[PDB]
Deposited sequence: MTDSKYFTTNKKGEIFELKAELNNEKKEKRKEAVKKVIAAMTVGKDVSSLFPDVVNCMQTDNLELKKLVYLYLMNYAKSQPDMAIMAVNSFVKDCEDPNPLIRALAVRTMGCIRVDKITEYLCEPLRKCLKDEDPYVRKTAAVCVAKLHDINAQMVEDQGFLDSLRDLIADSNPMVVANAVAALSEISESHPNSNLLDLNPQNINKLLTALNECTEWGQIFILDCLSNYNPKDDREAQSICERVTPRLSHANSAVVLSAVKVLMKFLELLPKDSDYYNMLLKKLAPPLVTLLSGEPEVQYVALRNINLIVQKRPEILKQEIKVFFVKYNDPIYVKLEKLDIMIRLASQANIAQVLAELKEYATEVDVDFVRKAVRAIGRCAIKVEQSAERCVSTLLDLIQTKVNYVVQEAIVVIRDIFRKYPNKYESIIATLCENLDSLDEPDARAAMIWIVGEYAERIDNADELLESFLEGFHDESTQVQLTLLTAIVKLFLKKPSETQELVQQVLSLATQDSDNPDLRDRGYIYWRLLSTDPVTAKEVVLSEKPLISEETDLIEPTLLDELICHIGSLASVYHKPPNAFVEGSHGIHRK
């Protein structure tokens, strides 16, 4: 072929430097190979020459070959097995970084032929005296399991990992519990006098990552009695103030599980400050922190009942925590602090984020329906937002005041005159569907309702069918309240819904309204104009599943883990 040549170019300049005897040029040659792998260059012809640089004693040189062997340990595994006879030489030399380098690299090779070459040098590494080696020999056992090795010999290895839990260096117990958690998907003898007492003495000593895997393992623990469940929670609660976003939610994951219980009222005052100070972190951490508050304030509402001020939305927050601090603000809105929410939700409706103002105005409507003594405040906010005359606010407040007229009939009718002055600014198909209802109902009071629906009727087509059905229902409600003056509309729209329209969902509503009014208008008042019933959370079977998965990604989607 062309452009390979095996004699000059980039490769033969490197094969002259990989075979250079002085190790000053060897290290600079392997670094150029590793940077040539990431771009995508064929360096597979360099492979039996890089491995000749392993016969060395310089530490910086062997780590550079191992990165060349690491990228080929996973991408092209049938080549990395060519170097296995120098791996097991490096599982016996001193400078026990190299002990931990060879065991890490042989764990990544997904060939079944390493198992007679790895099962023996794991057993010297799991009893090594420098505990950096046991930190990666314990994770290699979880790497040996993912290699297709059922391996009752590795069931002789799990006898060593359970011994590694009762070790002296807690960076070993960081991985030994992390491996025994992940290999438990295929175990974890949770002995009450010995294992749990040694896990918790590890917990106050580990890294800020091993205190995640231990608490993610105690989330699979079940107490014997409720006397034990107190003496476990008195040692997890010191892990509610650590400088990591992760440790706290794993220490909430244990406490929200171990409330199968006086102390039950004591613990809720200790679970509330760190779940509040979980939001002083970076923006992606809050999105996990807020969607685990969003389960806790559904499951146990009495924890964060008094802390709504922290959940207010700042201007510079990203949109995934502006839409989520808004949602938790709704679930904590009560009779006492609705004065602080509605004066805050009015503040977000004068912003510029269109899809956030469109949800901040609706959150006023989810406060009026939720908190029933506050609808006068929720209406007086909405009639002030329409005085700002902003056409993405008025076209959203007119949909919410429809949902306040339905929940609360014949108390707030007097602001319909304040609404309909902004009739010309209605453009959205949802906002116009709300006005035609508001003229449709209460047409016994709006005197010129016979003309307001007719101005919508000239452009009856080229509209959404949400409007076209609602205008069909509103003129018929206008007919059955005033069967003397708007009869000339009912010949119009009902020969626009049936004779002209091609949508059968619009058309069948036309003939059903047409055959009512030509049969019996006394019955038709009982059908169309009957008094409508009033209008109005994770389902608790699914909710009690997710509190077992507080810190994890199952709670972030509010989905059970079988959908992953």
{"property": "Ranges missing from the model, given as deposited sequence positions", "result": "1-4, 191-194, 270-274, 550-553, 582-591"}
